[PDB]
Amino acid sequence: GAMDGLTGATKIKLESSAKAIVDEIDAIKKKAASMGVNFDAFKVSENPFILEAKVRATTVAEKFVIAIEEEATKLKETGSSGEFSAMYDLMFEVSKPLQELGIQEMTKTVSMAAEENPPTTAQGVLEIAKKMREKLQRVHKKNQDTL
C-alpha cells in the first residue's frame, strides 16, 4: 500500500536500459575469457582491451542513468516512494557488474550517494544519478583518451 514499484512505460524503459548494461558486461566478460583477460583491478590501465571494455560498459551504463534522470524528472510531481526506491534499486544493481569490470568503488559511489541524499524523492534519485553518471564519465574519459 506504499511499496509498489515502477509501472507502465517507465518500468519497461528503466528495466530495459538496466538489462542492456548487464547484457553488455556479460558479453565483454565472454570476449575477455576468450583472450585470457582478467579484469582484476589490483592486477589508467596499460591494456587496450580493458580500455575499450571500460568505454563500452560506461557508454551503455550512462544511457541507463540518463533514462533514470529523465524518468525521475517526469515523476517529480506525482511519483511515489516505491517508484523512487525502485529506481535506486536498478542503479545499485547495475553498479555491481560495473565494479566487476574493475571500475573500483562503483557500488560504493551509489550507496554513499544515497546516504547523503536518499531515494525518498525525485530529488534524491536525481542526486544519486548525478554522482553515478559523473563517475561513469570520469572512467569513460580516462579510458577513451588513452585509446
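Start at 1 and count along the sequence shown; that's the residue number.
Per the record, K43 and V44 are separated by a gap of 4 to 9 residues from the deposited sequence that were not modelled. Of the two segments examined, 48-56 and 77-85, it is 48-56 that shows the higher average Cα temperature factor in the deposited entry. Checked against the record, the higher mean CA B factor of 119-127 and 20-28 lies with 20-28. When the C-alpha B-factors of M106, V37, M91, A114 are read from the PDB record, the largest value belongs to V37. Between the residues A61, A67, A33, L101, the entry's highest C-alpha temperature factor is the one at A33.
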